[PDB]
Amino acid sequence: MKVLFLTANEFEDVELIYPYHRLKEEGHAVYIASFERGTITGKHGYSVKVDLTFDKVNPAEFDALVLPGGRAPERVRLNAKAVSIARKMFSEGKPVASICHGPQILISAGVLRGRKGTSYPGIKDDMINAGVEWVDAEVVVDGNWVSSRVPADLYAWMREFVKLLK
């Protein structure tokens, strides 16, 4: 499968790097999309190369979506093209994985009312106001939506997600 990541500077480093490698283990192709080509740098100083910009993404060409956390989702969610990608892929029923602040992008896409999931506890009230049935669990599977809360949850986050790509 082709797996797309939406992110930017100040991503939470391990929430990007862990799924990136865990999905390559399975043989999937992984793509990093951001505002500009070049490199982006995490909160803790790991740098990754950007594969394409939001403007060049055709959502039809990707099979699954990963939304890491950090401070990056508060900037990505103000980009109409990035929010449009997540709206389309989530509403088409493609697998979507989010963790920590990552679902702020789905809040802004307007796709979450009635869905069941989790997030960083610091934004649970915002999830609830977007209509989420919010659950305090290390991983929640709701149809195509796999969500987790914090870096401690990584093992469970990707355990469930990889099942949906098989």
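Each residue number is its position in the shown sequence, starting from 1.
*Asks:* Per the record, averaged over C-alpha atoms, which has the higher B-factor: 130 to 138 or 97 to 105?
*Replies:* The entry gives the higher C-alpha B-factor average to 130 to 138.
*Asks:* Between 106 to 114 and 48 to 56, point out the one with the higher average CA B-factor as the PDB entry records it.
*Replies:* For C-alpha atoms only, the mean B-factor is higher in 48 to 56.
*Asks:* When the deposited Cα B-factors of this chain's modelled residues are ordered and cut into thirds, is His21 in the lowest, the middle or the highest one?
*Replies:* Tercile = middle for this residue's CA B-factor.
*Asks:* Relative to the other modelled residues in the chain, which third contains the C-alpha temperature factor of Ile32: lowest, middle or highest?
*Replies:* Lowest third - that is where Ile32 ends up once the chain's C-alpha B-factors are sorted.
*Asks:* When the deposited Cα B-factors of this chain's modelled residues are ordered and cut into thirds, is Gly69 in the lowest, the middle or the highest one?
*Replies:* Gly69: CA B-factor falls in the middle third of its chain.
*Asks:* Of the three thirds of its chain by CA temperature factor, lowest, middle or highest, which one includes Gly42?
*Replies:* CA B-factor rank for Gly42: lowest third.
*Asks:* Considering only modelled residues of the same chain, in which third does the CA B-factor of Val146 rank: lowest, middle or highest?
*Replies:* Its C-alpha B-factor belongs to the middle third of this chain's values.
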